[PDB]
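Just so it is clear, none of the values below were taken in a lab; they were calculated from the coordinates. Positions of Cβ are generated from backbone atoms using ideal geometry, with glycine treated the same way; all protein chains shown enter the neighbour counts.
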Amino acid sequence: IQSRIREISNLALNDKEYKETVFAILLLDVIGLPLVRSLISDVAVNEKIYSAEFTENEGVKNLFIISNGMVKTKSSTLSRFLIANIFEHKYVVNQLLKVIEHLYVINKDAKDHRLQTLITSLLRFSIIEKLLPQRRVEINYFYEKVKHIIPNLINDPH
Amino acid sequence: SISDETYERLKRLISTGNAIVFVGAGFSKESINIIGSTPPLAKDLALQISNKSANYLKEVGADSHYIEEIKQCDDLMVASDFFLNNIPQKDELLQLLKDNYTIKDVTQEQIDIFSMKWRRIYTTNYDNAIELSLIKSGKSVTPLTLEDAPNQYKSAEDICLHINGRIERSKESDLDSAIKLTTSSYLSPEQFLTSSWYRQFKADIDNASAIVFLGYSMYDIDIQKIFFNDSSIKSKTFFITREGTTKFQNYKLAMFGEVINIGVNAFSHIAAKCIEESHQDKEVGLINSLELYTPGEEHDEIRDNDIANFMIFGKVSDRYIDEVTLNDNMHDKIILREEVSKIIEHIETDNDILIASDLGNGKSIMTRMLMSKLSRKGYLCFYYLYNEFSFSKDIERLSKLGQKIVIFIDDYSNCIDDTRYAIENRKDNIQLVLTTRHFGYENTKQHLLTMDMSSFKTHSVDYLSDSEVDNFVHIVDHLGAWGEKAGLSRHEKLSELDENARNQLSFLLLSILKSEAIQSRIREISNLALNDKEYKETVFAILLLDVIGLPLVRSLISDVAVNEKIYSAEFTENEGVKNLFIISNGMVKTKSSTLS
Amino acid sequence: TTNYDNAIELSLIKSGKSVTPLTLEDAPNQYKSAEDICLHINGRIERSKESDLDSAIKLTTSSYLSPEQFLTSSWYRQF
Amino acid sequence: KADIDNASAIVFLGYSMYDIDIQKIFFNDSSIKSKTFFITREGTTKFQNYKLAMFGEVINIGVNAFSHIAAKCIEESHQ
Ligand SMILES: Nc1ncnc2c1ncn2[C@@H]1O[C@H](COP(=O)(O)OP(=O)(O)OP(=O)(O)O)[C@@H](O)[C@H]1O
Ligand SMILES: [Mg+2]
């Protein structure tokens, strides 16, 4: 099976935007937020979800159950396998840092509650351990760089 | 001869400046070439190339009977094919073509006839008489061939298109397919039908005021097949032939339009009269298939009965929409969808909009609200009317304007041909808004993904937020249609609905206000599915298995349906079976309990 | 030539001589046996499209810094 | 198309090949060229039938001579 999943995932994850959007879908499903097109646009840091050619890809159709253009996951045992094995840890930590910076950067104006709870939910250790399982160096690097991305975190005991 | 009323009709049609000329062999009969003579016809050229090949075979030393039987061969196609397939020196054939088809000087009638303003120029010549005649007369020209993409030259003018090729920058290998000389070239899979310029040619001869053929002998069969069928095209075309020709000689041409046997010489004088008026004419015309949306100018009172009509019975006026648009605090009269602002922000950045939704979840009303707001922002919004008038003429007249334009099309699956043309030949200052149901979108996926959809933003209005649920129940609270349920809180009220039907406007309307309009829509869609007894039995079996609660399985469905239609692949491609049961990978599941 | 106009071509045509004008987007092997090569190094006007101003017609300060130039073309060896 | 794909050989009896569609069918391929035989009239030079030679092998013997081949081959075809 793993070989089948790898072959059918390499047919979509080779593009940069497709990889970012797929990672955004997996990340928001991991946190538990609703999979809304406008919010997945902010998490994915592009607007490829609005194109009509995203939902007709091999990887997107073969890994996610699509229905009337919407995207939802198949099961947790495939999403967590994708997160652990198909996405490298070194990609995951860097993309997490990028989206954490960008959310704040565009949230300093709009003041949306969903972005705020997204940011304070990414900082929790349970999600990070569910995203980077038993990786000491990457977890340490992420925790030591999040305080330098945004300077208000030092005053927060959370 | 040719009558005076035909003269007046021709002058009036050519003075518009939207005429199209088709140039043939007879136009450049008087020109002169590099070797200082009139360009030759097929007979002389065939004799020359046969003589050349026979001289080569005499040099190699073949029998004299073969030479004497090849020399008298005056068929251009067979002689050229034999030369290219047996004789190895094709460089001198290309040199002979360049010598014979390079015009050095033109006459004055050609200058006067090509100093007009046309829509587009089409020709079947090899020479450069037309390009020389356009420069000399004070106008630019960019020639092309069938091997050029028309989308790159969209904004260019003075497009002189050569159909059977050109010799000006022809290479050695172009004789096989590009230049239509041999029998092998005419049989190639690459022809005028397969080229992308064919659709452009059809649109041009559909859109033009009149079409003029200059000395065309009507040899090609594809143009004959284009022009034979229709009659509205025949009423616009004209043919120009040489003098001293009887009607029976022009009988072949007469089946495709009027025949005027005066020659290019006499048409040059008409061109001399019409040149000054050709460049001046301009008219905004009238737009027939698209009505210009205009905002409200007066304040009308809104009465409860209007609230009841809009909420339940589906009847509303555009004055109501314009009134709820100007003031955003009036939540007791309309539901404010959050997608309108996103859609507006997308349309301000040169992006097309495609809206897809389920049955009756607020799509046409969203289109009307968008139309009302975008004119206030400063655009021009046109609503597509399902009329019998043309659409290419109207989009052309819209392009001739100079304002920012948004065009709205509702339920495009019923006008897929026009909606295609719209995405095929869209201009720079015209955006598109297309709305459709899910079934209509999925039935036309293969007709649209082949084009450029990178400029389209896809939106779905199927679901709302909890704030909009609160707004809806606030509207009903102001209406007071709860009855005995008004005492209970928010949670109790909607306790009888399913999770996903709660977040859809159609099921909310049917469950709370019992909108008859939605009932009529459901009856209309389900009638076309439940007409057959087999499908009726299968649908009733699915509903029975759901109200029991036991899971759905193909064998069980077939057992309780007293048939085997569930095994057929056409059961899940019906109208009602798709619009009433959500399907996924061929399986059938129901939407919600309040629908079943 | 370096001009973008058609004076050379009109002069050749008016003197009883043919011409095949090209640019740097043509390969030399397809025109190996050709004669009267009027190669326009900078560009051409006669059938220029809208995208030819960026790199094909050398006029702007961006069309002089593009990776495609006279050196990297296939006509450099021929010249 | 399927019949000329599955057959053993294709025989033309006095066909001048006037229609353009059979011409477009038979001109492209080369495997169909090996199985195609054209039967034309007697007393014809090679050139008089150069057009037919492009699509397959041509035999200038007529139906008159083909009758003898049919009479010699009939008893084997049914067997
Ligand atoms: N913005 C809105 N605010 C309040 N009610 C609305 C709104 N939009 C739609 N409705 C209600 O929904 C009903 C059906 O909406 P509408 O006719 O626009 O559906 P639709 O999706 O365009 O239809 P169809 O898909 O069948 O073409 C209307 O009669 C109206 O009562
Ligand atoms: Mg509608």
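Residues considered: B:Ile334, B:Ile321. Of these, the only one that is surrounded by 17 or more Cβ atoms within 10 Å (Cβ to Cβ), within 14 Å of ligand 1 (Cβ to nearest atom) and not in a helix (DSSP H, G or I) is B:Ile334. Taking the range B:353-368 as the range and being out of contact with any strand residue (DSSP E or B) (no Cβ under 8 Å at 6 or more places or on another chain) and within 18 Å of B:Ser592 (Cβ to Cβ) as the test, the residues that pass are B:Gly360, B:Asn361, B:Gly362.
Of the residues B:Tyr153, B:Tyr126, which is in a loop (DSSP other than H, G, I, E, B), among the hydroxyl-bearing types (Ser, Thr, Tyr) and in contact (Cβ under 8 Å) with a residue 40 or more places away in the chain?
Working: B:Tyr153 fails: in contact (Cβ under 8 Å) with a residue 40 or more places away in the chain.
Exactly one residue qualifies, and that residue is B:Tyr126.
Take the residues in the range A:14-45 that are within 13 Å of chain B (Cβ to nearest Cβ) and polar (S, T, N, Q); name whichever of them is surrounded by the most Cβ atoms within 10 Å (Cβ to Cβ).
The first filter runs over the range A:14-45 and keeps only residues within 13 Å of chain B (Cβ to nearest Cβ), leaving A:17, A:34-42.
Cutting the leftovers down to polar (S, T, N, Q) gives us A:38, A:41.
On the way: A:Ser38: 13, A:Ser41: 17.
Ranking the qualifying residues of the range A:14-45, first place goes to A:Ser41.
Could you list, in sequence order, the residues of the range B:106-121 that are part of a loop (DSSP other than H, G, I, E, B) and among the charged types (D, E, K, R)?
First, the residues of the range B:106-121 that are part of a loop (DSSP other than H, G, I, E, B): B:106-107, B:114-119.
Passing the criteria: B:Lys117, B:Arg119.
Taking helices (runs of 4 or more DSSP H) that do not extend beyond the range B:421-496, which have at least 2 residues that are surrounded by 14 or more Cβ atoms within 10 Å (Cβ to Cβ)?
Details: elements: B:438-442, B:466-479, B:490-493.
Output list reads B:438-442, B:466-479.
Listed by position, the helices (runs of 4 or more DSSP H) contained in the range A:51-158 that have at least 2 residues being touching a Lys or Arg at 6+ places or on another chain (Cβ under 8 Å), away from chain B (no Cβ under 14 Å) and surrounded by 13 or more Cβ atoms within 10 Å (Cβ to Cβ) are A:89-110. B:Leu434 passes every criterion in (1) of a type outside the set (D, E, K, R); (2) within 14 Å of another protein chain (Cβ to nearest Cβ); (3) within 16 Å of ligand 1 (Cβ to nearest atom); (4) over 17 Å from the mean Cα position of the chain (by Cα) apart from (4).
Tell me, please, whether a residue that is over 30 Å from the mean Cα position of the chain (by Cα) and either hydrophobic (A, V, I, L, M, F, W, C) or within 14 Å of chain C (Cβ to nearest Cβ) (or both) can be found in the range B:136-144. It would help to see each step written out before you state the result.
Restricting attention to the range B:136-144, the residues satisfying the condition of being over 30 Å from the mean Cα position of the chain (by Cα) are B:136-139.
Narrowing the set further to residues that are either hydrophobic (A, V, I, L, M, F, W, C) or within 14 Å of chain C (Cβ to nearest Cβ) (or both) leaves B:136, B:139.
Checked the range B:136-144: at least one residue is over 30 Å from the mean Cα position of the chain (by Cα) and either hydrophobic (A, V, I, L, M, F, W, C) or within 14 Å of chain C (Cβ to nearest Cβ) (or both).
All of B:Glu291, B:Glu301, B:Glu339 fail the test of being closer than 27 Å to B:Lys377 by Cα, touching a strand residue (DSSP E or B) at 6+ places or on another chain (Cβ under 8 Å) and away from ligand 2 (no atom under 16 Å from the Cβ), apart from B:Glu291. In the range C:30-50, the qualifying residues are those that are under 18 Å from C:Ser73 (Cβ atoms) and either loosely packed, with under 14 Cβ neighbours inside 10 Å or touching a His at 6+ places or on another chain (Cβ under 6 Å) (or both), and the one that is farthest from the other protein chains (Cβ to nearest Cβ) is C:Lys32. Restricting attention to the range B:309-318, and to residues there that are surrounded by 15 or more Cβ atoms within 10 Å (Cβ to Cβ) and touching a residue at least 60 places away in the same chain (Cβ under 8 Å), which single residue is nearest to ligand 1 (Cβ to nearest atom)? That would be B:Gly314.
Identify, please: which residue in the range B:506-551 is among the aliphatic types (A, V, I, L, M) and within 16 Å of ligand 2 (Cβ to nearest atom) and is, among those, nearest to the other protein chains (Cβ to nearest Cβ)?
The first filter runs over the range B:506-551 and keeps only residues among the aliphatic types (A, V, I, L, M), leaving B:508-510, B:512-513, B:517-518, B:522, B:525, B:528-530, B:539, B:541-545, B:547-548, B:550.
In the following step, the residues that additionally are within 16 Å of ligand 2 (Cβ to nearest atom) were identified as B:509, B:517-518, B:522, B:525.
On the way: B:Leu509: 20, B:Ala517: 23, B:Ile518: 19, B:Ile522: 18, B:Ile525: 16 Å.
Once the filter is applied, the top-ranked residue is B:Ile525.
Among the residues of the range D:1-16, those that are closer than 19 Å to D:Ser31 by Cβ and surrounded by 10 or more Cβ atoms within 10 Å (Cβ to Cβ) comprise D:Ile4, D:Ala7, D:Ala9, D:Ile10, D:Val11, D:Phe12. Under the condition of being surrounded by fewer than 16 Cβ atoms within 10 Å (Cβ to Cβ) and farther than 18 Å from B:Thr419 by Cβ, the residues counted in the range B:366-401 number 5. Pairs are defined by a Cβ separation below 9 Å, a sequence spacing of at least 6 or placement on different chains, a first member in the range B:334-347 that is touching a residue at least 12 places away in the same chain (Cβ under 8 Å), and a second member that is assigned to a loop (DSSP other than H, G, I, E, B) and within 16 Å of ligand 2 (Cβ to nearest atom); the pairs so defined are B:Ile335/B:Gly362; B:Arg337/B:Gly362; B:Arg337/B:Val461; B:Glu339/B:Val461.
Mind listing just one residue for me: the one in the range B:353-387 that is without any contact (Cβ under 8 Å) to a residue 40 or more places away in the chain and either of a type outside the set (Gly, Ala, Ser) or within 13 Å of ligand 2 (Cβ to nearest atom) (or both) and, of those, farthest from B:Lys457 (Cα to Cα)? It would help to see each step written out before you state the result.
We begin by selecting, within the range B:353-387, every residue without any contact (Cβ under 8 Å) to a residue 40 or more places away in the chain; these are B:374, B:377-379, B:386.
Add one more test, that the residue is either of a type outside the set (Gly, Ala, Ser) or within 13 Å of ligand 2 (Cβ to nearest atom) (or both), and what stays is B:374, B:377, B:379, B:386.
Details: B:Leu374: 17, B:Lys377: 20, B:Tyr379: 19, B:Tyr386: 25 Å.
Applying the filter and picking the extreme gives B:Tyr386.
Residues of the range C:11-29 being out of contact with any helix residue (DSSP H, G or I) (no Cβ under 7 Å at 6 or more places or on another chain) and facing chain B (nearest Cβ under 8 Å), which ones? Matches in the range C:11-29: C:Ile13, C:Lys14, C:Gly16, C:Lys17, C:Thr20, C:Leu22. Among the residues of the range B:76-105, those that are within 11 Å of chain C (Cβ to nearest Cβ) and β-branched (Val, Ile, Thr) comprise B:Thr102, B:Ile103. Please determine whether any residue of the range B:493-505 is over 20 Å from B:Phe310 (Cα atoms), without any contact (Cβ under 8 Å) to a residue 12 or more places away in the chain, away from chain A (no Cβ under 14 Å) and more than 16 Å from ligand 1 (Cβ to nearest atom). There is at least one residue in the range B:493-505 that is over 20 Å from B:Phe310 (Cα atoms), without any contact (Cβ under 8 Å) to a residue 12 or more places away in the chain, away from chain A (no Cβ under 14 Å) and more than 16 Å from ligand 1 (Cβ to nearest atom). Tell me whether the range B:457-474 contains one or more residues that are away from ligand 2 (no atom under 16 Å from the Cβ) and touching a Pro at 6+ places or on another chain (Cβ under 8 Å). No. May I ask you to list the residues in the range B:362-401 that are among the aliphatic types (A, V, I, L, M) and not in a strand (DSSP E or B)? Those that are among the aliphatic types (A, V, I, L, M) and not in a strand (DSSP E or B): B:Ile365, B:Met366, B:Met369, B:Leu370, B:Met371, B:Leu374, B:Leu385, B:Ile395, B:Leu398, B:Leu401.
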